[PDB]
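What follows is one structure encoded as structure tokens, with my remarks underneath.
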Amino acid sequence: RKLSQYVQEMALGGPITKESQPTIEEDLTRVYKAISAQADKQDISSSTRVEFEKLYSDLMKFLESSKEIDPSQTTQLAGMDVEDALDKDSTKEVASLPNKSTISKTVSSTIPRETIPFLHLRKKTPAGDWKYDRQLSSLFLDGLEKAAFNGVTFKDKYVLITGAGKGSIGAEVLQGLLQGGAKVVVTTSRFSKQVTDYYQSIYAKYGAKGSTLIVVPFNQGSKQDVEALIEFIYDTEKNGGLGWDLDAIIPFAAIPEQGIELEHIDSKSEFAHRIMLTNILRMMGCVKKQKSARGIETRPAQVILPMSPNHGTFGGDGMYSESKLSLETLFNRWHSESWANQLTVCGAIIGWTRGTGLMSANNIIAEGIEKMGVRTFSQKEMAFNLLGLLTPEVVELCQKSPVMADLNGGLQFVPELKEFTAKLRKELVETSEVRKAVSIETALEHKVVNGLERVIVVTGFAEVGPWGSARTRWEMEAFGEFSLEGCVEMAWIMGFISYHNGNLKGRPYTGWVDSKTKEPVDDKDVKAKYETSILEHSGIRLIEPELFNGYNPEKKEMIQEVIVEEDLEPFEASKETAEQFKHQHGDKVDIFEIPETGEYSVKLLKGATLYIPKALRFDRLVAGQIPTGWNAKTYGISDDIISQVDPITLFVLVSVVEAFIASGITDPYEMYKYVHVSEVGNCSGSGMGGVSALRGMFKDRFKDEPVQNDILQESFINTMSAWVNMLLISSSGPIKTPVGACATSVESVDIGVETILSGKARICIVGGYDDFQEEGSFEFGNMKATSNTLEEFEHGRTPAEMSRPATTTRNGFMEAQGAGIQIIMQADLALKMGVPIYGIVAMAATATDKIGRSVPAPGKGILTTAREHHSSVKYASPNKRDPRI
Amino acid sequence: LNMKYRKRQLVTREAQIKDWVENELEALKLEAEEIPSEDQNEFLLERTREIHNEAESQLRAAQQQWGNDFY
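Going line by line, the protein sequences match chains A and C. Going by the authors' numbering, the letters in the first sequence line up with residues 520 to 970, 1015 to 1442, 1514 to 1519, in that order. In the authors' numbering, each residue's number is its place in the second sequence (first place is 1) plus 1442.
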């Protein structure tokens, strides 16, 4: 035990050693050499660290699946009532004579008082209770001696665990088996994203060479759910699957049931007795009924049931300890009931765990109970003893006889623990009450007294994706939160923040602060510690799903507007205005619906069977409602251009200018004093969509709701690329405009990069818009590749996730509004009064060369293997047409 | 090839283009008068500011390959 720079890093070293993967994790670690540039002392130090970590890892390829060892220093307690107002301390001292568990091996052996050891192992007693038999007490102590230094292996074990999350002891039990390499599944009651990601890192911190994990949501009580999971863990692979054998089982409890004496046999306290044995006692029964139906008799299942010694000892227990002392009948049931060739019970009575993450009862004293009586267990890593009680060469004894092992280290030997618990409680809080009463008046006794040349350069760019500007989503990639100087810029857009609050007319006197929500809550709203949690999650969680009401334009998304037709035959004689009967009389033939004339009025109306109105429908759609927007869009744009120009063109309009300030060129008339003959110019806009008013070109014509008299101008795909020209930077030169969508926005660059290598043109832009609408489904969703909830609601609830690529969980991808922009230069002019430089231009994509007979095919080796062509007929000797490189 | 090679950059160019720039204005010296010297400075402003860019672009014609159109 000589830990320093290592320690926790040394624990990572064992963790690195565990998941070996033969010749896999060698080679990546072998390229810790490779670029080992000895120019950094840090690099040279790690170079020393390189081979040593490579050494043992080379020495453990094909081995037993790691230890269970805890290299962390051993602990005890550190409860202190200090001098001043510093009352109660806490815990985690250092524990005298400890650190290493090997040092804690023999320390946990020859124990004091007048007992067998610090952790005995009794049995039946001739015709009585639990005599501390040394023979059973031998090997268990030796198993820990077979631990620490020696490893602990757990291959092919396949266990389920009831035991809940963070503070539970079964959490650390789960930590052991994945380190030991078992394939363990785990149930829980609570299921959410918060439940999910916690069971990602534990798998990510403890995935050893043969370790998989399954999280299942399942309520342990209410038996109508207990059958199916026990079925699901044993079914045929041509059914739900998971055809395992379940070699061991440890269920743990829940449900505290505190502060209630004998008088309360009423409800949800009631629910514990059904869940602490009654679902449980059927569960070990039914697993035998599952096992012996198949006939797997040579391989029984070992259970470890938690017990407790404080039966009738502590106070207002209710039914907790009292249902607990009903388990021990399982021992004598292991004779005179035919299930002994299938199961095995070995109890565990565990007592008095320190370590409040959760459920460390009376986490205060822990130390005076190590003196008045010298007895141990302020130690939270007692599961190290528990993890020995699954190991083979012990399971052999479990195949002989059941084992009662008092894992409680000797607390039962004090008489009258109850007031003895209260006695240090009633004094040490009382001792704090002394100096606390001293301290305040002493200050009160004081206080009353006083008072070259064709290289192409990335220059400017600004994406408006589903998040904010192009400075936003880099940081949201970089951090989960928004990082205040990043946060207010996100808070600028959506209009929650009301920048330029007014340098005057504040609170009647002076005072201006960049404030919020222009005139609801304009009140002075400081840029500091606020706007986190006064402009958060309401300010955050509106840019994701249900897409909205009142946005696109309404799109209720459980109410679909389909037009079914019908031709009923009752008659109406309704009314109307003049001359419009004729486009009802052109529309329908004469013999139905003669009009009349509407005397001193407009006209008149209806008649026989009429064969119309094709009324309406009410229809529900599953696949939709995933992406969204940002609830405010007008930057400094010209008003009443925006009555005609809306649906996508604003996005590319706000794109280019924010790319230009990022590329440092305000006022793009500034270019023309780098005098040309001005034959240098326009972009390469793209996107299949931009429909977004073309829906009005078809659903809003012959149906007659207000459309402006010219919509076919903004119908096209170059019309946006027209409006970047005349409404902005106003060139005369070349125009390309590809489309190439579902793989767009690159050939625009790639033919755009062909433009600039030719001397035909200079400084240019590329497109990148697309859009979502009503008709953005339906041939989407009906294309069955797009997205579909309900199995993105069902097994994954997950509105925030909804999509994780390369997972097998993918059922459909997603897309949203989006707006992306880039600009490009000849790079010699980019040295001429620099914009400045960002990137470097590499590829030349876009040639399919494959003609099957279907559409489409995602990216495996379809194309771009004509790219990187770069053939290798016989050269063997180093140093356009060029068939080599 | 794939190194910072620049050898055939410096040998077969930066010498032959270095050669007929000495040898190119002298070809104009063969047509020096031809009974101009009524418009000699005109042809200096005509012909000699052509050939310097031709001396410039031909070196840039090498600057296609050898690193910039290397393959």
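Virtual Cβ for every residue (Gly too), placed ideally from N, Cα, C.
Listed in chain order, the beta strand (DSSP E) runs fully inside the region 803–891 of chain A are 820–822, 862–864, counting runs of at least 3 residues. With at least 16 other beta carbons inside 10 angstroms of its own, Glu1355 of chain A counts as buried. For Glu1016 of chain A, the nearest beta carbon of chain C is closer than 8 angstroms to its own beta carbon. Taken in chain order, the whole beta strand (DSSP E) runs of length 3 or more contained in the region 554–634 of chain A are 597–600, 607–609. Its chain contains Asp1333, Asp1334 as the residues whose beta carbon lies nearer than 7 angstroms to that of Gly1252 of chain A, once the 5 sequence neighbours on both sides are disregarded; these appear in chain order. With contacts defined by Cβ atoms closer than 8 angstroms, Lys650 of chain A and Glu583 of chain A do not form a contacting pair. Pairing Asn1345 of chain A with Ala1186 of chain A, the inter-Cα distance amounts to about 9 angstroms. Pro1441 of chain A sits exposed, since fewer than 16 C-beta atoms from the chains shown fall within 10 Å of its C-beta. Assignment of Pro1108 of chain A by DSSP, reduced to helix, strand and coil, places it in the coil class. In the same chain as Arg1183 of chain A, and ignoring 5 residues on each side of it, the C-beta atoms closer than 8 angstroms to its own belong to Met1121, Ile1122, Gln1123, in chain order. If only uninterrupted alpha helix (DSSP H) runs of at least 4 residues are considered, those enclosed by the region 724–785 of chain A are 745–751. Under a criterion of Cβ atoms nearer than 7 angstroms, no residue of chain A is adjacent to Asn1483 of chain C; the nearest Cβ is some 27 angstroms distant. Within its own chain, the residues whose Cβ lies closer than 6 angstroms to the Cβ of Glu886 of chain A, once the five positions on either side in sequence are excluded, are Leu596, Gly598, listed in chain order.
Residue contact check for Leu1470 of chain C against chain A: no CB pair falls below 8 angstroms. Distance check between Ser1137 of chain A and each of A:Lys1169, A:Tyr1401, A:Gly1296 places A:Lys1169 closest, using alpha-carbon atoms only. Counting C-beta atoms within 10 angstroms of its own C-beta, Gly835 of chain A has fewer than 16 neighbours from the protein chains shown and is therefore classed as exposed. The beta carbon of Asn1495 of chain C sits no closer than 8 angstroms to any beta carbon of chain A.
In this structure, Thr706 of chain A sits near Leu679 of chain A, with a CB-CB distance shorter than 8 angstroms.
Neighbours of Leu1452 of chain C in chain A, taken as residues at a C-beta separation under 8 angstroms, are lacking, since the least C-beta distance is about 16 angstroms. Residue environment analysis places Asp1088 of chain A among the buried positions, since at least 16 neighbouring C-beta atoms fall within 10 angstroms of its C-beta. Secondary structure of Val967 of chain A (DSSP, three-state): coil. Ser576 of chain A is positioned such that its CB atom lies no closer than 8 angstroms to that of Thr542 of chain A. At least one beta carbon of chain C lies nearer than 8 angstroms to the beta carbon of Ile1519 of chain A. Residues of chain A with a Cβ closer than 9 angstroms to the Cβ of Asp1511 of chain C are, in chain order, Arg1017, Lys1514.
Contact of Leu1501 of chain C with chain A by beta-carbon distance below 9 angstroms is absent, the smallest such distance being about 12 angstroms. Contact between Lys807 of chain A and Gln739 of chain A does not hold, since their C-beta atoms are separated by about 19 angstroms, which reaches or exceeds 8 angstroms. Note on geometry: alpha-carbon atoms of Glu664 of chain A and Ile688 of chain A lie some 22 angstroms from one another. No Cβ-Cβ contact shorter than 8 angstroms links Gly1049 of chain A with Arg1036 of chain A.
Selection A:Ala941, A:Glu946, A:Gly892, A:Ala962 evaluated against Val933 of chain A yields A:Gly892 as nearest (Cα-Cα). For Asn1442 of chain A, the closest Cβ of chain C is nearer than 8 angstroms. The three-state secondary structure of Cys1050 of chain A, taken from DSSP, is helix.
Each of A:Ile1019, A:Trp1193, A:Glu1159 was checked against the Cα of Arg1104 of chain A, and the nearest Cα belongs to A:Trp1193. Close to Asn1465 of chain C, with beta-carbon spacing below 9 angstroms, lies no residue of chain A; the smallest spacing is near 27 angstroms. The beta carbon of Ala1390 of chain A is closer than 7 angstroms to those of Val1018, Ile1019, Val1020 in its chain, skipping five residues each way along the sequence. The three-state secondary structure of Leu679 of chain A, taken from DSSP, is strand. As the crow flies, the alpha-carbon of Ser1061 of chain A is around 29 angstroms from that of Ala1363 of chain A.
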